[PDB]
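First, one chain by itself in structure tokens, the form deposited in one PDB entry.
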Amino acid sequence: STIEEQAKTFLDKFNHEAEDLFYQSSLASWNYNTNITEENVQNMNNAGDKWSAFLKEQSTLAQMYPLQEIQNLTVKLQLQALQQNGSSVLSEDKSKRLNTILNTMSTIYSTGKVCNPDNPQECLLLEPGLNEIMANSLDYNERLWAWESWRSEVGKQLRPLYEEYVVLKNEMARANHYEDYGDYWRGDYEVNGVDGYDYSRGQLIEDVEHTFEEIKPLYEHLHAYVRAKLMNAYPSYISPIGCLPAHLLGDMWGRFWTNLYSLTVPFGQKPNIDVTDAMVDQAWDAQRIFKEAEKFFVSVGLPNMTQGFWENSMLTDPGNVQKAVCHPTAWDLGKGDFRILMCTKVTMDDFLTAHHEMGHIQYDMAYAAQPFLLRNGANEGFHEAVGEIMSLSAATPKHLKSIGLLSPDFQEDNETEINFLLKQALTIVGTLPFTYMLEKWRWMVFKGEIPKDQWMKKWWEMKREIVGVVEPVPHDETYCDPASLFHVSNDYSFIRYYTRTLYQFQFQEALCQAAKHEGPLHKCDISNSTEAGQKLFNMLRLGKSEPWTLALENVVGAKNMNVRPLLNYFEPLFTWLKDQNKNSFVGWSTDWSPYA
């Protein structure tokens, strides 16, 4: 009996025990998220605690098999994933110190409230209060207040915690033989022992930086056009050459420029495509939306939703007394139980999200045959990319016309396409410098390349330099502005939204190429193309079993993340932006700030 055989047999035990215990935790989490009771709270914690205690027990159990003695890479992948889950790398005190910090930072974020300066009785939470201001307010000072008050009251609380969070997270990573916690996060993309498909953690920074360089010309023209449009709406607030004020970007951080569409729409006369009325005209309900979404994936050769999906999913808001957590989530509970939790309204946005969330389900069902530890996206960006491309095709006028939501007497001119691409670029392109620079700052903070006394100095040096975004109020090192975002204060890697964005257009361009789609990439619908679904399925069924480089190649024929499909998707806008920025300054000056 060798030791790989021991590990093989050990994983056999873990897979069967984990699937049962994970299912109990997932169903308990489901019952809470659809039936919010103090009981359903408790049962979720108990099942979650029993699942975590099992994982901690199995992580220690898995470590007794050293990795250098397993030749089977599939077994090593599952063994490594279970051992990398090993919490017993820090002392129980420092593990307890870190968990307390993570809970406190999570609590400060979710309960952090700011109150109106004139009347300190009325107080606002970030969601929905401050987010409502950041997404809808056109008033500079109110936006300046909510942006600054969130960072001054809640961000300053997180500064000492994040300082100690970095120390312990690095200590954890250094004990797992990673350079630092940023290197630990980049391990999600690491591939070893697979010749031709290997990928190092350091190579992620290079690939992100190399691909971001090709994003820069598109972003600068998008930044210049947005600045020109915002400058017209704020002549006294925005320099023609300066960075965009951080509070005037559509949300609390400028993570997405989606809510700038009203002020930056190229052709406000031409109406956007919104099939919401047509859905109500045809008496659509949530059942119809997901049936149409199910019909979309059937058209590409993917299986229909399981019988348990329709029975066990929550597709409408229970309303009445029964409250629910209405965040649209696709649930892989394991053991054939795939569900979607979604308080679906009869709207185009929820129609696309149903395609998006069912796209996750299709990913979940496809790798359901993989071992439990390998039932996930090829990397952290794959699952989100798979869901995104469904909403890409579902939102096209070709798809909306083919399903009777957009009448044939609608015709698409190049102005509505530029309108559509501008709205897409505000969300999709605008987030990439935000995502890269945020994760670059976190990478450098974990690496020790930014001292504590220059955290907010460098955070805003990079914001101006990389994102073209300037803080509206000077921030000393008592602030912690990254932690004012959920992912930073809730300990989530952020480069996944950069890689997913490049993956999704790599995916979409490849599937549209398989769909024999002629024309611009943004107009493409992969519907009725079994070749596109087959090419997608050859990756979806892989899960985590194969290297993400290979899973990427199984769709796009390329082993590495490529930005060209992203630029291909936005090229009609990019040429339009460069023409529209003819008599406008392209680029930005970091020295300019709205506080002079």
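When you see a residue number, it is the position in the sequence shown, counting from 1. Definition used throughout: the rigid core is the maximal C-alpha set that superposes within 1.5 Å between two forms.
There is also a form deposited in another entry; it is not shown, and the following applies to it.
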Exercise. With the core superposed, find the residue in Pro160, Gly448, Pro303, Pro474 that moves its CA 2 Å or more between this form and the one not shown.
Key: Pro303
Quiz item: Is it true that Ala369 shifts between this form and the one not shown by 2 Å or more at the Cα, once the core is aligned?
Solution: yes
Quiz item: Superposing on the rigid core, does the Cα of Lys291 end up 2 Å or more away between this form and the one not shown?
Solution: yes
Exercise. Taking the rigid core as the superposition reference, indicate whether the CA of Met561 shifts 2 angstroms or more between this form and the one not shown.
Key: no
Self-check item: CA-CA separation of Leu222 and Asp274, closer or farther in the other entry than in the form shown [shift of 3 angstroms or more]
Solution: closer
Exercise. Looking in the other entry, decide if the C-alpha atoms of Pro266 and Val346 are closer or farther than in the form shown; they differ by 3 Å or more.
Key: closer
